[PDB]
């Protein structure tokens, strides 16, 4: 039936952006989405959570630091309003997507898509109808879905980020499976609102993907916040009894029964790869059930690309958009530039203090065989940190002794997730610590912490 130069499956951060880039390159484009315009990110992930995170932060300040700031008076916080605001922000962002589609003359198709042929797509319109769509190129951005603990299932008390982020009421207590960004974030929010929070992690450290120093620090903050985190603990089963939930866990042989009114499943996310004829299109998967892809987001099938979480490279919004652009451009044959080693891409957990990082960890760089060089500067020695009321955290940078090329960056502190830009730019365009050390940073700011690390990397730090 209808035909288009390019058709994207999914309107998440990766899908709607790849669609825009395709449109900007003069390519007839259409996007197929049945539910979430803006994907999980805008509707029930990035956007809404960051809103709640901010609310939780203020509850923290006007509580634990009220006296330190000369604040008096009895004050209370209604999570309901927090919830409502988060939904409003999301709602506004979603509206933006539809605007962008209209502005770029991108055709929207409201329904579920299924590959019938290598260049045909059968769509189940949300109105009940059904239309066939031919395409010379296709971009799969179907995202991913939360992976539950083997043997367990979702119920009224055992939920995923989705059902939890849409709850206007909070439980008296909760048990979170997974100490990843998403798990830590909910822990921060919930705890700040009076919910007893226990976080269980199979690996030996919270935020295991991060550098060991970062994990150790963020664990200090959470324990200080009142959150109970259990590492090297394995979740055996989750039994929802109605009045409460019993999660059996094991650690070094000993097994105990943890009970809470609710349990959030967040151990990981597995790409959505089944149910829409990926096999009929010819697209192959990986040993990890992820869509195989090359440096150009291209799949085993030439005209079919896979971007976003569906390829499991780095399940993060900005990555999905980045791959989307690389997908569209390469399709149009226009100038593009592969992202390269996806480990060099930035990431951040938005609890307070923030956790931001990129590249390899100290240990990682070592095992890799590089001539590792490390510099670490505490925020207790930063003026801005003291002025804002959060002197915690630090900036740890990793480079190679040869010419001083950055290998990675690991930060923890007040909104440090904004300090990554300079680092990645330098690593991507080969700017050594020597050049970084000659860049003047405004005073007084958190960024100065980076400047000192640049100095400690090259020669000696000044204000330390």
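Positions refer to the first chain, counted from 1.
Higher mean CA temperature factor, per the PDB entry, when comparing 269-277 with 128-136: 128-136.
Between 118-126 and 307-315, the higher mean Cα B-factor belongs to 118-126. The entry assigns its greatest Cα B factor, within the set 142, 338, 198, 361, to 338. Listed residues 98, 386, 93, 288 were ranked by CA B-factor as deposited; 288 comes out on top.
Among the modelled residues of its chain, residue 430 has a C-alpha B-factor that falls in the highest third according to the deposited record.
Per the PDB record, residue ranking by Cα B-factor puts residue 184 in the middle third of the chain. In this PDB entry, the Cα temperature factor of residue 407 sits in the middle third of its chain's modelled residues.
Ranked within its chain, residue 295 lands in the highest third, by CA B factor from the PDB record.
In this PDB entry, residue 438 carries a Cα temperature factor that places it within the middle third of its chain's modelled residues.
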